[PDB]
């Protein structure tokens, strides 16, 4: 199932804001920043917390929970900026909200890039 496995897919597809699992990304895709969809670029630190999105997979027709962990403690990657907002909500639904820095509780809160970790079926 290539649709569930970004490392097997075309890099150009995964590095697009239109890639299905990036449906609530407000930030730079870590896969364009020397990392991958599920690994921080070298010398940047995963956030223990995240906003969560529910994204539809058009390939297998199912909906998945996505956790948008950031990588932190390096300055802005600047590449592949996305601002997608499917099912995103304001700060009174805080863990569905993406206008805050999810590096906010890291040892260093400087925002580097954001990614889309597949948690499971919605």
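Numbering follows the first chain given and starts at 1.
- When 107-115 is weighed against 15-23, 15-23 comes out higher, by mean CA B-factor as recorded in the entry.
- Between 25-33 and 52-60, the higher mean Cα B-factor belongs to 52-60.
- Among all modelled residues in its chain, residue 82 ranks in the middle third by Cα B-factor.
- Per the deposited record, the Cα B-factor of residue 65 falls in the highest third when ranked against the other modelled residues of its chain.
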